[PDB]
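A.B. asks: Take a look at start37.pdb, PDB, C-alpha atoms:
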```pdb
ATOM      1  CA  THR B   1     -35.639  -8.045  23.073  1.00  0.00           C
ATOM      2  CA  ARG B   2     -31.951  -7.108  23.422  1.00  0.00           C
ATOM      3  CA  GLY B   3     -30.706  -8.993  20.341  1.00  0.00           C
ATOM      4  CA  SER B   4     -29.331  -7.814  16.977  1.00  0.00           C
ATOM      5  CA  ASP B   5     -31.060  -7.095  13.641  1.00  0.00           C
ATOM      6  CA  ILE B   6     -29.565  -3.919  12.113  1.00  0.00           C
ATOM      7  CA  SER B   7     -26.768  -5.378   9.956  1.00  0.00           C
ATOM      8  CA  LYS B   8     -27.986  -3.602   6.799  1.00  0.00           C
ATOM      9  CA  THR B   9     -24.733  -3.001   4.902  1.00  0.00           C
ATOM     10  CA  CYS B  10     -23.646  -4.255   1.455  1.00  0.00           C
ATOM     11  CA  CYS B  11     -19.978  -4.600   0.430  1.00  0.00           C
ATOM     12  CA  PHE B  12     -17.688  -3.012  -2.188  1.00  0.00           C
ATOM     13  CA  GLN B  13     -14.089  -3.369  -0.950  1.00  0.00           C
ATOM     14  CA  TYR B  14     -12.539  -6.744  -0.040  1.00  0.00           C
ATOM     15  CA  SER B  15      -9.238  -6.631   1.884  1.00  0.00           C
ATOM     16  CA  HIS B  16      -6.614  -9.325   1.178  1.00  0.00           C
ATOM     17  CA  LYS B  17      -4.831  -9.889   4.525  1.00  0.00           C
ATOM     18  CA  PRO B  18      -5.221 -12.079   7.633  1.00  0.00           C
ATOM     19  CA  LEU B  19      -6.363  -9.749  10.432  1.00  0.00           C
ATOM     20  CA  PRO B  20      -4.759 -10.276  13.847  1.00  0.00           C
ATOM     21  CA  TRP B  21      -7.246 -12.468  15.761  1.00  0.00           C
ATOM     22  CA  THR B  22      -6.253 -10.407  18.813  1.00  0.00           C
ATOM     23  CA  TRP B  23      -7.927  -7.414  17.140  1.00  0.00           C
ATOM     24  CA  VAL B  24     -10.693  -9.463  15.476  1.00  0.00           C
ATOM     25  CA  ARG B  25     -14.233  -9.597  16.918  1.00  0.00           C
ATOM     26  CA  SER B  26     -16.752 -11.251  14.563  1.00  0.00           C
ATOM     27  CA  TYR B  27     -18.168 -11.216  11.012  1.00  0.00           C
ATOM     28  CA  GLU B  28     -21.454 -11.129   9.038  1.00  0.00           C
ATOM     29  CA  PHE B  29     -22.848 -11.943   5.571  1.00  0.00           C
ATOM     30  CA  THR B  30     -24.356  -9.272   3.281  1.00  0.00           C
ATOM     31  CA  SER B  31     -28.156  -8.838   3.373  1.00  0.00           C
ATOM     32  CA  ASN B  32     -30.388 -10.061   0.516  1.00  0.00           C
ATOM     33  CA  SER B  33     -31.468  -6.449  -0.135  1.00  0.00           C
ATOM     34  CA  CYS B  34     -27.988  -5.513  -1.418  1.00  0.00           C
ATOM     35  CA  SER B  35     -26.961  -4.786  -5.027  1.00  0.00           C
ATOM     36  CA  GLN B  36     -23.989  -7.123  -4.457  1.00  0.00           C
ATOM     37  CA  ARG B  37     -23.134 -10.044  -2.135  1.00  0.00           C
ATOM     38  CA  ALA B  38     -20.092 -10.636   0.114  1.00  0.00           C
ATOM     39  CA  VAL B  39     -18.945 -11.519   3.661  1.00  0.00           C
ATOM     40  CA  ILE B  40     -17.745  -9.077   6.347  1.00  0.00           C
ATOM     41  CA  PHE B  41     -15.172  -9.399   9.159  1.00  0.00           C
ATOM     42  CA  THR B  42     -15.127  -7.154  12.243  1.00  0.00           C
ATOM     43  CA  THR B  43     -12.250  -6.125  14.550  1.00  0.00           C
ATOM     44  CA  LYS B  44     -12.283  -5.504  18.326  1.00  0.00           C
ATOM     45  CA  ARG B  45     -12.303  -1.708  17.829  1.00  0.00           C
ATOM     46  CA  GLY B  46     -15.435  -1.694  15.631  1.00  0.00           C
ATOM     47  CA  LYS B  47     -13.707  -1.623  12.212  1.00  0.00           C
ATOM     48  CA  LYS B  48     -15.978  -3.855  10.097  1.00  0.00           C
ATOM     49  CA  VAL B  49     -14.366  -4.854   6.778  1.00  0.00           C
ATOM     50  CA  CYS B  50     -16.017  -6.579   3.779  1.00  0.00           C
ATOM     51  CA  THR B  51     -14.711  -9.785   2.141  1.00  0.00           C
ATOM     52  CA  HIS B  52     -15.658 -12.540  -0.338  1.00  0.00           C
ATOM     53  CA  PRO B  53     -16.960 -15.984   0.687  1.00  0.00           C
ATOM     54  CA  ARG B  54     -15.114 -17.574  -2.265  1.00  0.00           C
ATOM     55  CA  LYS B  55     -11.587 -16.904  -0.935  1.00  0.00           C
ATOM     56  CA  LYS B  56     -10.764 -19.985   1.178  1.00  0.00           C
ATOM     57  CA  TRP B  57      -9.030 -17.782   3.780  1.00  0.00           C
ATOM     58  CA  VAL B  58     -12.378 -15.967   4.210  1.00  0.00           C
ATOM     59  CA  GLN B  59     -14.390 -19.162   4.753  1.00  0.00           C
ATOM     60  CA  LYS B  60     -11.716 -19.961   7.338  1.00  0.00           C
ATOM     61  CA  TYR B  61     -12.286 -16.689   9.222  1.00  0.00           C
ATOM     62  CA  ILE B  62     -16.085 -17.014   9.011  1.00  0.00           C
ATOM     63  CA  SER B  63     -16.084 -20.430  10.715  1.00  0.00           C
ATOM     64  CA  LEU B  64     -13.307 -19.372  13.110  1.00  0.00           C
ATOM     65  CA  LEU B  65     -15.259 -16.221  14.029  1.00  0.00           C
ATOM     66  CA  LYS B  66     -18.048 -18.353  15.581  1.00  0.00           C
ATOM     67  CA  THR B  67     -20.362 -20.362  13.294  1.00  0.00           C
ATOM     68  CA  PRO B  68     -23.407 -18.625  11.794  1.00  0.00           C
ATOM     69  CA  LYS B  69     -25.847 -20.910  13.655  1.00  0.00           C
ATOM     70  CA  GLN B  70     -28.878 -18.641  13.098  1.00  0.00           C
ATOM     71  CA  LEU B  71     -32.135 -20.643  12.970  1.00  0.00           C
TER
END
```
Could you show the structure in this file as structure tokens?
C.D. replies:
Amino acid sequence: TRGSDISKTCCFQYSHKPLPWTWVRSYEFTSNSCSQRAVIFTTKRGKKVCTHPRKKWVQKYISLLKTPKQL
């Protein structure tokens, strides 16, 4: 099974700034086993940053960065 299932990483530093989609790659929500809860955006170099789902701009990058259609 060459899929993905190791996104264990909470969040504790939200960045306020629209990342350049040219250097953006994807995103991911925090796991339920985390002391806190937040969203995460990732760049094309591997720099994954944390963010909050409340900020409208964030919900805009989450949907833009492919929809979380995980059934």
A.B. asks: Quick one: of B:39, B:50, B:34, B:24, who's nearest to residue 65 in chain B, counting only C-alpha atoms?
C.D. replies: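 Residue with the minimum atom-to-atom distance to residue 65 in chain B: B:24.
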A.B. asks: May I have the residues within 7 Å of range 8-23 of chain B as a compact mmCIF listing (two decimals) with C-alpha atoms, in the frame of the given file, using only C-alpha atoms and disregarding those fewer than 4 positions away in the same chain?
C.D. replies:
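Generated file (selection_15.txt):
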```
# COMPACT_ATOMS: atom_id res chain seq x y z
CA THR B 30 -24.36 -9.27 3.28
CA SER B 31 -28.16 -8.84 3.37
CA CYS B 34 -27.99 -5.51 -1.42
CA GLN B 36 -23.99 -7.12 -4.46
CA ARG B 37 -23.13 -10.04 -2.13
CA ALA B 38 -20.09 -10.64 0.11
CA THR B 43 -12.25 -6.12 14.55
CA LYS B 44 -12.28 -5.50 18.33
CA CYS B 50 -16.02 -6.58 3.78
CA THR B 51 -14.71 -9.78 2.14
CA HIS B 52 -15.66 -12.54 -0.34
```
A.B. asks: Report as an MDAnalysis selection string all protein, DNA and RNA residues lying within 7 Å of residue 27 in chain B, evaluated on all atoms listed in the file, omitting residues in the same chain fewer than 5 positions from it.
C.D. replies: chainID B and resid 40:42 62 65
A.B. asks: Could you tell me how far CA of residue 60 in chain B lies from CA of residue 29 in chain B, in Å and to one decimal?
C.D. replies: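 Result for CA of residue 60 in chain B versus CA of residue 29 in chain B: 13.8 Å, one decimal.
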